[PDB]
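Inspection log for the structure reproduced underneath, given as structure tokens.
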Amino acid sequence: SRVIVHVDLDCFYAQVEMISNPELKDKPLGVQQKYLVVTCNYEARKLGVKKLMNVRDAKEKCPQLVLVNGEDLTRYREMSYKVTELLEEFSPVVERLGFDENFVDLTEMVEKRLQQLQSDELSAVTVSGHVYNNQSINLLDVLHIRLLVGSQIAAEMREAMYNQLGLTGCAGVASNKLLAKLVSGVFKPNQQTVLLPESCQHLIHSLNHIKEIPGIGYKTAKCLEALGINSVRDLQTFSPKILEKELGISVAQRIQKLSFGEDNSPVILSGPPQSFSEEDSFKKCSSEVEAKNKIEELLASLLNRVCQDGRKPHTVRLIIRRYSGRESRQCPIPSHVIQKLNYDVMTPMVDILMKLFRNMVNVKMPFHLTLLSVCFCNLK
DNA sequence: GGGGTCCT
DNA sequence: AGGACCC
Ligand SMILES: Nc1ncnc2c1ncn2[C@H]1C[C@H](O)[C@@H](COP(=O)(O)OP(=O)(O)OP(=O)(O)O)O1
Ligand SMILES: [Mg+2]
Ligand SMILES: [Mg+2]
């Protein structure tokens, strides 16, 4: 049996901004990227603003909305890493999911604490936060005890995140990653909940669409929908044989297990990132001249990042998106270029990126690009 | 939107 | 190199 916590920061980008400019802490705030409000603080959500909503919709429904620009992710990324490092201090196995979510495997920590316990104050063990579905605790049930100690650790985590980084968030504690992530959002914002095993089925059947299961995305949901599968129960009861043939043995067996609340995937230590990338989207790029300036701009940003990181990238990738869905070209970085960080690495790197660009884009015939991205990977 | 992961 | 997933 495992004890897993999922930590999910409240309106992360908005929190980072409200900390940067505390004069926003009291007003409805929205963080904008191009024409989207990607996230907003809880005051704005109260005024009917939704995640990933159009700035037109948002401006009309809530003309008092204060917008800050969140296209440069630098500060969010930096705070994101402070959070996971703080969690890694609790237990070293921490898996990041995007910038604002972490899983921690607490089972070793829980076991250590229980061993230190006397029967005197084992009486006595208490929950911190909400119990999912108001389920009764059985102090004689060792699984219940282990999960409650988890909720205590989770509370210490949220307290340290607030006290040391100024950030609030939710936590969900359960026996695997799927359930911990489903349960962490039951009470929001800035609260936590623990899932006892006999409420597992209640949690999974509380979902309304199979897309709400982590692991089942747009494409997979579409296939399932095609098969007449709509509820969690539908997926639970659909023919394994048929499903296996429709989506392949790997996806079928995995997602069908997910529909019963079963997930044996380990919490993986994320550690340092395996790639660095920067991108810009735009309405139109139809010339190599600006394509180069664009790319130079991105390359500038990236180099600062590999600079302070330490490790060195052994491959570059250039990515594009044409009008009306992405294409990419990569190649190893010349060994001599790799030794760069106090000379002029720009020019030779731009040279390589442009060769890659022309290989993928016919510059002798009109082109219409709508995104450019540069990615460094294969770090050593 | 502006990132990131892993598998095939 | 592309596809699928996550935020
Ligand atoms: N398709 C997408 N789904 C989810 N998030 C996305 C997507 N595209 C970009 N993002 C970015 C923008 C959001 O600010 C952030 C998602 O954070 P998420 O944990 O879903 O909620 P949140 O931190 O905004 O608020 P809360 O956790 O309080 O609901 O990631
Ligand atoms: Mg969040
Ligand atoms: Mg999903």
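Order of the sequence lines fixes the chain letters, A, B, ..., with proteins taken first and strands second; residue numbering starts at 1 for each chain. Hydrogens, waters and symmetry mates play no part in the numbers below; they use all other heavy atoms, side chains included.
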When the distance from [atom1] of [X] to [atom2] of [N] is rounded to whole Å, what number comes out?
{"X": "A:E95", "N": "B:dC6", "atom1": "CD", "atom2": "P", "value": "9 Å"}
{"X": "A:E246", "N": "C:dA4", "atom1": "CD", "atom2": "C1'", "value": "18 Å"}
{"X": "A:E101", "N": "B:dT5", "atom1": "CD", "atom2": "P", "value": "15 Å"}
{"X": "A:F99", "N": "B:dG2", "atom1": "CZ", "atom2": "P", "value": "13 Å"}
{"X": "A:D100", "N": "B:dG3", "atom1": "CG", "atom2": "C1'", "value": "12 Å"}
{"X": "A:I268", "N": "B:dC6", "atom1": "CD1", "atom2": "P", "value": "9 Å"}
{"X": "A:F12", "N": "B:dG4", "atom1": "CZ", "atom2": "P", "value": "13 Å"}
{"X": "A:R254", "N": "B:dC6", "atom1": "CZ", "atom2": "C1'", "value": "13 Å"}

Requested in this report: Measure up the A:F357 and A:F367 rings against each other and bin them: parallel (under 30°), tilted (30 to 60°), perpendicular (over 60°).
Outcome: perpendicular
Query raised in the report: Would you call the rings of A:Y76 and A:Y13 parallel, tilted or perpendicular if under 30° counts as parallel and over 60° as perpendicular?
Result: parallel
Does [X] reach a base, just sugar-phosphate, or nothing at all? Heavy atoms under 4.0 Å.
{"X": "A:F282", "result": "nothing"}
{"X": "A:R77", "result": "sugar-phosphate"}
{"X": "A:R75", "result": "nothing"}
{"X": "A:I319", "result": "nothing"}
{"X": "A:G215", "result": "sugar-phosphate"}

Taking only the side-chain nitrogens and oxygens of [X], find out if one of them lies under 4.0 Å from OP1 or OP2 of [N].
{"X": "A:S373", "N": "B:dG3", "result": "no"}
{"X": "A:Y35", "N": "B:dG1", "result": "yes"}
{"X": "A:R326", "N": "B:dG3", "result": "no"}
{"X": "A:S277", "N": "B:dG2", "result": "no"}
{"X": "A:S281", "N": "B:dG2", "result": "yes"}
{"X": "A:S250", "N": "B:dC7", "result": "no"}

Can you tell which of [options] lies closest to the side chain of [X]?
{"X": "A:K219", "options": "C:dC5, B:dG3, B:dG1", "result": "C:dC5"}
{"X": "A:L97", "options": "C:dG2, C:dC6, B:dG1", "result": "C:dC6"}
{"X": "A:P273", "options": "B:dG1, B:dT5, C:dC6", "result": "B:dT5"}
{"X": "A:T220", "options": "B:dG2, C:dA4, C:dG2", "result": "C:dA4"}
{"X": "A:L52", "options": "C:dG2, B:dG1, C:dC6", "result": "B:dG1"}
{"X": "A:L73", "options": "C:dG2, C:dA4, B:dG3", "result": "B:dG3"}
{"X": "A:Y13", "options": "B:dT8, B:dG2, C:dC6", "result": "B:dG2"}

Query raised in the report: Do the side-chain N and O atoms of A:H209 and A:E225 include a donor-acceptor pair separated by under 3.5 angstrom?
Result: no
Requested in this report: Tell me, yes or no, whether the heavy-atom count around A:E89 atom CD, taken from other residues, nucleotides or ligands under 6.0 Å, exceeds 12.
Outcome: no
Students should be able to answer this: classify the pucker of [N] from the sign of its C1'-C2'-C3'-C4' torsion, north or south.
{"N": "B:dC6", "answer": "south"}
{"N": "B:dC7", "answer": "south"}
{"N": "B:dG3", "answer": "north"}

Report summary line: Of A:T370 and A:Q274, the one whose nearest nucleotide on DNA chain B sits closer to the 5' end is A:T370
Query raised in the report: Do A:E108 and A:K112 meet the salt-bridge criterion of a basic N to acidic O distance under 4.0 Å?
Result: yes
Report summary line: Test salt bridge (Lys or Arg N to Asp or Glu O under 4.0 Å), reference A:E279, set A:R321, A:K294, A:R326, output is A:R326
Query raised in the report: Of the options A:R2, A:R254, A:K177, which is the one that meets A:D263 in a salt bridge (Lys or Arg N to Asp or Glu O under 4.0 Å)?
Result: A:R254
